[PDB]
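Asks: See coords-v5.cif below, with mmCIF, C-alpha atoms.
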data_entry
loop_
_atom_site.group_PDB
_atom_site.id
_atom_site.type_symbol
_atom_site.label_atom_id
_atom_site.label_comp_id
_atom_site.auth_asym_id
_atom_site.auth_seq_id
_atom_site.Cartn_x
_atom_site.Cartn_y
_atom_site.Cartn_z
ATOM 1 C CA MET A 1 -21.987 1.542 13.509
ATOM 2 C CA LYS A 2 -19.073 3.696 14.804
ATOM 3 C CA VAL A 3 -19.726 7.486 14.722
ATOM 4 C CA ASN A 4 -18.277 10.622 16.411
ATOM 5 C CA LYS A 5 -20.289 12.938 18.791
ATOM 6 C CA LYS A 6 -21.372 15.256 15.939
ATOM 7 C CA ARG A 7 -22.833 12.393 13.870
ATOM 8 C CA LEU A 8 -24.303 10.793 17.010
ATOM 9 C CA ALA A 9 -26.021 14.074 17.970
ATOM 10 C CA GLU A 10 -27.213 14.387 14.317
ATOM 11 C CA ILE A 11 -28.651 10.807 14.512
ATOM 12 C CA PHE A 12 -30.581 11.429 17.803
ATOM 13 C CA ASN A 13 -31.647 14.977 16.620
ATOM 14 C CA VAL A 14 -30.202 16.548 19.840
ATOM 15 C CA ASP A 15 -27.511 19.149 20.726
ATOM 16 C CA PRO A 16 -24.038 17.784 21.591
ATOM 17 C CA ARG A 17 -24.472 19.091 25.184
ATOM 18 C CA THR A 18 -27.444 16.752 25.524
ATOM 19 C CA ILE A 19 -25.332 13.878 24.228
ATOM 20 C CA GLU A 20 -22.733 14.779 26.863
ATOM 21 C CA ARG A 21 -25.535 14.868 29.534
ATOM 22 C CA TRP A 22 -26.270 11.209 28.552
ATOM 23 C CA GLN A 23 -22.460 10.422 28.909
ATOM 24 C CA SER A 24 -22.654 11.503 32.575
ATOM 25 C CA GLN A 25 -25.643 9.034 32.856
ATOM 26 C CA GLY A 26 -23.641 6.031 31.569
ATOM 27 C CA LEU A 27 -24.287 6.111 27.796
ATOM 28 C CA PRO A 28 -21.118 4.207 26.771
ATOM 29 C CA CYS A 29 -18.781 5.803 24.174
ATOM 30 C CA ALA A 30 -16.844 2.631 23.113
ATOM 31 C CA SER A 31 -13.532 4.705 23.048
ATOM 32 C CA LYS A 32 -13.046 7.963 25.080
ATOM 33 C CA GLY A 33 -11.526 10.752 22.920
ATOM 34 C CA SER A 34 -7.923 11.351 24.038
ATOM 35 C CA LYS A 35 -5.609 14.172 22.880
ATOM 36 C CA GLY A 36 -6.523 15.168 19.302
ATOM 37 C CA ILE A 37 -8.653 12.032 18.834
ATOM 38 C CA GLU A 38 -12.445 12.203 19.111
ATOM 39 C CA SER A 39 -14.595 9.909 21.261
ATOM 40 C CA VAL A 40 -16.246 7.229 19.015
ATOM 41 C CA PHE A 41 -19.699 5.816 19.883
ATOM 42 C CA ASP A 42 -21.493 2.625 18.769
ATOM 43 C CA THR A 43 -24.938 3.723 17.382
ATOM 44 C CA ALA A 44 -26.806 0.484 18.228
ATOM 45 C CA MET A 45 -25.184 0.645 21.700
ATOM 46 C CA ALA A 46 -26.362 4.270 22.164
ATOM 47 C CA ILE A 47 -29.864 3.339 20.960
ATOM 48 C CA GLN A 48 -29.999 0.404 23.448
ATOM 49 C CA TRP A 49 -28.998 2.897 26.178
ATOM 50 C CA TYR A 50 -31.675 5.498 25.204
ATOM 51 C CA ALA A 51 -34.262 2.603 25.044
ATOM 52 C CA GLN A 52 -33.507 1.258 28.630
ATOM 53 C CA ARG A 53 -34.219 4.680 30.350
ATOM 54 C CA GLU A 54 -37.888 3.921 29.412
ATOM 55 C CA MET B 1 -31.405 13.086 10.175
ATOM 56 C CA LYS B 2 -32.815 11.760 6.831
ATOM 57 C CA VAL B 3 -31.372 8.313 5.897
ATOM 58 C CA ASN B 4 -32.056 5.380 3.515
ATOM 59 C CA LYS B 5 -32.994 1.808 4.648
ATOM 60 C CA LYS B 6 -29.307 0.693 4.338
ATOM 61 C CA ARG B 7 -27.975 3.550 6.592
ATOM 62 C CA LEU B 8 -30.762 3.105 9.210
ATOM 63 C CA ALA B 9 -30.036 -0.658 9.289
ATOM 64 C CA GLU B 10 -26.293 0.111 9.881
ATOM 65 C CA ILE B 11 -27.269 2.508 12.773
ATOM 66 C CA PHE B 12 -29.360 -0.192 14.538
ATOM 67 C CA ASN B 13 -26.725 -2.793 13.470
ATOM 68 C CA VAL B 14 -29.575 -4.878 11.906
ATOM 69 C CA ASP B 15 -30.395 -6.416 8.506
ATOM 70 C CA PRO B 16 -32.271 -4.270 5.949
ATOM 71 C CA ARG B 17 -34.884 -7.076 6.310
ATOM 72 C CA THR B 18 -35.351 -6.105 10.014
ATOM 73 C CA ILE B 19 -36.222 -2.479 9.106
ATOM 74 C CA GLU B 20 -38.955 -3.810 6.754
ATOM 75 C CA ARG B 21 -40.395 -5.998 9.608
ATOM 76 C CA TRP B 22 -40.318 -2.972 12.010
ATOM 77 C CA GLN B 23 -42.192 -0.880 9.347
ATOM 78 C CA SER B 24 -44.921 -3.586 9.546
ATOM 79 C CA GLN B 25 -45.002 -3.083 13.398
ATOM 80 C CA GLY B 26 -45.471 0.712 12.941
ATOM 81 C CA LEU B 27 -41.939 2.083 12.412
ATOM 82 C CA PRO B 28 -42.633 5.343 10.564
ATOM 83 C CA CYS B 29 -41.190 6.286 7.138
ATOM 84 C CA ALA B 30 -40.615 9.970 6.252
ATOM 85 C CA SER B 31 -40.769 8.994 2.508
ATOM 86 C CA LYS B 32 -42.012 5.554 1.385
ATOM 87 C CA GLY B 33 -39.981 4.368 -1.624
ATOM 88 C CA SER B 34 -41.915 2.707 -4.471
ATOM 89 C CA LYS B 35 -40.035 2.294 -7.792
ATOM 90 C CA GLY B 36 -36.381 3.379 -8.213
ATOM 91 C CA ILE B 37 -36.713 6.362 -5.801
ATOM 92 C CA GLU B 38 -35.867 4.649 -2.438
ATOM 93 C CA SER B 39 -37.316 5.069 1.089
ATOM 94 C CA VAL B 40 -36.318 7.921 3.494
ATOM 95 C CA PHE B 41 -36.421 7.282 7.230
ATOM 96 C CA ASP B 42 -36.106 9.828 10.078
ATOM 97 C CA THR B 43 -33.541 8.510 12.625
ATOM 98 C CA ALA B 44 -35.082 10.444 15.571
ATOM 99 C CA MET B 45 -38.528 9.097 14.639
ATOM 100 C CA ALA B 46 -36.961 5.636 14.323
ATOM 101 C CA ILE B 47 -35.234 5.809 17.730
ATOM 102 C CA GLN B 48 -38.333 7.101 19.627
ATOM 103 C CA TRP B 49 -40.445 4.334 18.042
ATOM 104 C CA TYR B 50 -37.940 1.566 18.910
ATOM 105 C CA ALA B 51 -37.582 2.994 22.450
ATOM 106 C CA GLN B 52 -41.407 2.864 22.935
ATOM 107 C CA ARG B 53 -41.395 -0.921 22.099
ATOM 108 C CA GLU B 54 -40.144 -2.011 25.607
#
As a first step, turn the structure in this file into C-alpha cells.

Replies:
Amino acid sequence: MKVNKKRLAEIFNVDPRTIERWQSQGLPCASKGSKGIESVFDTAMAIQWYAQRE
Amino acid sequence: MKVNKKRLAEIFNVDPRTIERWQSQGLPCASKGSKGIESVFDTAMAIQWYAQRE
C-alpha cells in the first residue's frame, strides 16, 4: 500500500533518518516528494527491497 | 507498529489468506485472535521474518 515516510518508518520500526539511509541505497519511493508534497512509498516494494539485502 | 490481519495483508499487498499460511510457516503473532477479539501482528516482527525466508 501507499504510505508517507512517517508511516513507512512506523511500519519498519526505524527512525526516518534510517529510512532515508535506505533511500541512498536504492529503496524506491514510487514518487519523490516535490515542493509541499511528501514522498510516497509502496510498502510491499519497500519490504521486497529490505528482503533482497539479505 | 501493532496491526490487524487486514492491515498487515495490505502492507505486504497480499490476501488475508496469505498471512494465515505464513503464520503456519512461523510468522509470529503479537496477539493471536480467537473469538471476536481479532489477531494483532507486529509489522517489524513480520518484516524480519519474511526477510529471513530467502

Asks: Decode the PyMOL selection byres ((chain A) within 8 of (chain B)) for the given file into explicit residues and return them as an MDAnalysis selection string.

Replies: chainID A and resid 1 10:13 43:44 47 50:52 54

Asks: Write the residues of the selection above to a file with C-alpha atoms, as a short mmCIF file (atom, residue, chain, number, x, y, z; two decimals), in the frame of the given file.

Replies:
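Below is the file out_32.cif, written as the result:
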data_model
loop_
_atom_site.label_atom_id
_atom_site.label_comp_id
_atom_site.auth_asym_id
_atom_site.auth_seq_id
_atom_site.Cartn_x
_atom_site.Cartn_y
_atom_site.Cartn_z
CA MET A 1 -21.99 1.54 13.51
CA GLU A 10 -27.21 14.39 14.32
CA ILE A 11 -28.65 10.81 14.51
CA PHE A 12 -30.58 11.43 17.80
CA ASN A 13 -31.65 14.98 16.62
CA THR A 43 -24.94 3.72 17.38
CA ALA A 44 -26.81 0.48 18.23
CA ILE A 47 -29.86 3.34 20.96
CA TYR A 50 -31.68 5.50 25.20
CA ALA A 51 -34.26 2.60 25.04
CA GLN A 52 -33.51 1.26 28.63
CA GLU A 54 -37.89 3.92 29.41
#

Asks: Using the chain letters and numbers from the file, give me the residues hit by the PyMOL selection byres ((chain B and resi 5) around 10), as a CSV table (one decimal) with C-alpha atoms, in the coordinates of the input.

Replies:
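As a result, out.csv now contains:
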chain,number,residue,atom,x,y,z
B,3,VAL,CA,-31.4,8.3,5.9
B,4,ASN,CA,-32.1,5.4,3.5
B,6,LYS,CA,-29.3,0.7,4.3
B,7,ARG,CA,-28.0,3.6,6.6
B,8,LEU,CA,-30.8,3.1,9.2
B,9,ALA,CA,-30.0,-0.7,9.3
B,10,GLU,CA,-26.3,0.1,9.9
B,11,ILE,CA,-27.3,2.5,12.8
B,15,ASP,CA,-30.4,-6.4,8.5
B,16,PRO,CA,-32.3,-4.3,5.9
B,17,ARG,CA,-34.9,-7.1,6.3
B,18,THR,CA,-35.4,-6.1,10.0
B,19,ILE,CA,-36.2,-2.5,9.1
B,20,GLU,CA,-39.0,-3.8,6.8
B,29,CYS,CA,-41.2,6.3,7.1
B,33,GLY,CA,-40.0,4.4,-1.6
B,38,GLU,CA,-35.9,4.6,-2.4
B,39,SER,CA,-37.3,5.1,1.1
B,40,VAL,CA,-36.3,7.9,3.5
B,41,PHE,CA,-36.4,7.3,7.2

Asks: Can you superpose chain B onto chain A by least squares over all C-alpha atoms paired in order and give the moved copy as an mmCIF file with C-alpha atoms, in the frame of the given file?

Replies:
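That gives us out_5.cif:
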data_model
loop_
_atom_site.group_PDB
_atom_site.id
_atom_site.type_symbol
_atom_site.label_atom_id
_atom_site.label_comp_id
_atom_site.auth_asym_id
_atom_site.auth_seq_id
_atom_site.Cartn_x
_atom_site.Cartn_y
_atom_site.Cartn_z
ATOM 1 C CA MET B 1 -22.016 1.591 13.315
ATOM 2 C CA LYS B 2 -19.009 3.604 14.672
ATOM 3 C CA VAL B 3 -19.707 7.390 14.772
ATOM 4 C CA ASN B 4 -18.297 10.605 16.328
ATOM 5 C CA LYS B 5 -20.171 12.807 18.890
ATOM 6 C CA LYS B 6 -21.363 15.159 16.065
ATOM 7 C CA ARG B 7 -22.878 12.287 13.949
ATOM 8 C CA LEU B 8 -24.529 10.599 16.990
ATOM 9 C CA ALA B 9 -26.021 13.980 18.009
ATOM 10 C CA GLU B 10 -27.438 14.394 14.436
ATOM 11 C CA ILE B 11 -28.976 10.838 14.660
ATOM 12 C CA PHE B 12 -30.791 11.642 17.952
ATOM 13 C CA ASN B 13 -31.458 15.190 16.605
ATOM 14 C CA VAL B 14 -29.858 16.597 19.826
ATOM 15 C CA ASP B 15 -27.047 19.016 20.745
ATOM 16 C CA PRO B 16 -23.498 17.622 21.103
ATOM 17 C CA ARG B 17 -23.929 18.917 24.704
ATOM 18 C CA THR B 18 -26.805 16.398 25.219
ATOM 19 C CA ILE B 19 -24.569 13.427 24.270
ATOM 20 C CA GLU B 20 -22.055 14.569 26.945
ATOM 21 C CA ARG B 21 -24.882 14.717 29.589
ATOM 22 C CA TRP B 22 -26.097 11.203 28.534
ATOM 23 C CA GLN B 23 -22.471 9.900 28.898
ATOM 24 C CA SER B 24 -22.689 11.137 32.536
ATOM 25 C CA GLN B 25 -25.964 9.085 32.935
ATOM 26 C CA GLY B 26 -24.200 5.924 31.620
ATOM 27 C CA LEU B 27 -24.355 6.225 27.809
ATOM 28 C CA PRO B 28 -21.444 4.014 26.730
ATOM 29 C CA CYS B 29 -18.502 5.150 24.548
ATOM 30 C CA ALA B 30 -16.704 2.625 22.295
ATOM 31 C CA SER B 31 -13.606 4.948 22.327
ATOM 32 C CA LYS B 32 -13.320 7.870 24.780
ATOM 33 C CA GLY B 33 -11.609 10.826 23.071
ATOM 34 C CA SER B 34 -8.998 12.730 25.111
ATOM 35 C CA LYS B 35 -6.715 15.114 23.152
ATOM 36 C CA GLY B 36 -7.094 15.653 19.374
ATOM 37 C CA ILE B 37 -8.208 12.029 18.702
ATOM 38 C CA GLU B 38 -12.031 12.365 19.182
ATOM 39 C CA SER B 39 -14.628 10.040 20.785
ATOM 40 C CA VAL B 40 -16.179 6.993 18.990
ATOM 41 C CA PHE B 41 -19.708 5.940 19.894
ATOM 42 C CA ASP B 42 -21.548 2.727 18.902
ATOM 43 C CA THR B 43 -25.032 3.670 17.568
ATOM 44 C CA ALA B 44 -26.595 0.283 18.505
ATOM 45 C CA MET B 45 -25.147 0.599 22.020
ATOM 46 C CA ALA B 46 -26.441 4.184 22.105
ATOM 47 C CA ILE B 47 -29.968 3.225 20.982
ATOM 48 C CA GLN B 48 -30.323 0.269 23.434
ATOM 49 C CA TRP B 49 -29.145 2.515 26.297
ATOM 50 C CA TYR B 50 -31.565 5.353 25.414
ATOM 51 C CA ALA B 51 -34.397 2.807 24.973
ATOM 52 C CA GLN B 52 -33.718 1.379 28.492
ATOM 53 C CA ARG B 53 -34.179 4.910 30.024
ATOM 54 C CA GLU B 54 -38.056 4.803 29.893
#

Asks: In Å, how far is it from atom CA of residue B:23 to atom CA of residue A:30?

Replies: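 Result for atom CA of residue B:23 versus atom CA of residue A:30: 29.1 Å, one decimal.
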
Asks: Record the distance separating atom CA of residue A:22 and atom CA of residue B:22, expressed in Å with one decimal.

Replies: 25.9 Å

Asks: Can you work out the spacing between atom CA of residue B:27 and atom CA of residue A:27 in Å, to one decimal?

Replies: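 According to the coordinates, atom CA of residue B:27 and atom CA of residue A:27 are separated by 23.8 Å.
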
Asks: Kindly output stretch 22-38 of chain A as a short mmCIF file (atom, residue, chain, number, x, y, z; two decimals), in the coordinates of the input, after building N, CA, C and O atoms.

Replies:
data_model
loop_
_atom_site.label_atom_id
_atom_site.label_comp_id
_atom_site.auth_asym_id
_atom_site.auth_seq_id
_atom_site.Cartn_x
_atom_site.Cartn_y
_atom_site.Cartn_z
N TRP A 22 -26.08 12.68 28.61
CA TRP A 22 -26.27 11.21 28.55
C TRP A 22 -25.01 10.47 28.99
O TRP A 22 -25.12 9.44 29.58
N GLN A 23 -23.82 11.02 28.66
CA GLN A 23 -22.46 10.42 28.91
C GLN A 23 -22.19 10.37 30.39
O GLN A 23 -21.82 9.29 30.79
N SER A 24 -22.60 11.42 31.10
CA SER A 24 -22.65 11.50 32.58
C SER A 24 -23.63 10.47 33.16
O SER A 24 -23.41 10.08 34.33
N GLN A 25 -24.60 9.98 32.37
CA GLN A 25 -25.64 9.03 32.86
C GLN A 25 -25.29 7.58 32.50
O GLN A 25 -26.01 6.66 32.92
N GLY A 26 -24.17 7.37 31.83
CA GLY A 26 -23.64 6.03 31.57
C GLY A 26 -23.77 5.61 30.13
O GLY A 26 -23.46 4.47 29.84
N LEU A 27 -24.26 6.48 29.23
CA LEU A 27 -24.29 6.11 27.80
C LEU A 27 -22.84 5.82 27.47
O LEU A 27 -21.99 6.65 27.76
N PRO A 28 -22.50 4.59 27.01
CA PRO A 28 -21.12 4.21 26.77
C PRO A 28 -20.63 4.82 25.47
O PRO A 28 -21.41 4.97 24.59
N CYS A 29 -19.36 5.19 25.40
CA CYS A 29 -18.78 5.80 24.17
C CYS A 29 -17.65 4.95 23.60
O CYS A 29 -16.75 5.54 22.98
N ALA A 30 -17.71 3.63 23.76
CA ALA A 30 -16.84 2.63 23.11
C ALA A 30 -15.35 2.99 23.21
O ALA A 30 -14.56 2.08 23.49
N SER A 31 -14.94 4.24 22.94
CA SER A 31 -13.53 4.70 23.05
C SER A 31 -13.49 6.21 23.37
O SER A 31 -13.67 7.02 22.47
N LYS A 32 -13.20 6.56 24.63
CA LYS A 32 -13.05 7.96 25.08
C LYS A 32 -12.00 8.68 24.21
O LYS A 32 -10.91 8.15 23.99
N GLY A 33 -12.35 9.89 23.78
CA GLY A 33 -11.53 10.75 22.92
C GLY A 33 -10.37 11.32 23.70
O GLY A 33 -10.63 12.08 24.64
N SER A 34 -9.16 10.91 23.36
CA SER A 34 -7.92 11.35 24.04
C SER A 34 -7.07 12.14 23.05
O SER A 34 -6.75 11.61 22.00
N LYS A 35 -6.76 13.39 23.40
CA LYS A 35 -5.61 14.17 22.88
C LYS A 35 -5.60 14.14 21.35
O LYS A 35 -4.83 13.38 20.77
N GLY A 36 -6.46 14.97 20.76
CA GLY A 36 -6.52 15.17 19.30
C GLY A 36 -7.23 14.03 18.62
O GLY A 36 -7.24 14.01 17.43
N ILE A 37 -7.79 13.10 19.38
CA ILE A 37 -8.65 12.03 18.83
C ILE A 37 -10.03 12.16 19.48
O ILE A 37 -10.13 12.40 20.71
N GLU A 38 -11.06 12.06 18.64
CA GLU A 38 -12.44 12.20 19.11
C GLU A 38 -12.91 10.88 19.71
O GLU A 38 -12.43 9.80 19.29
#
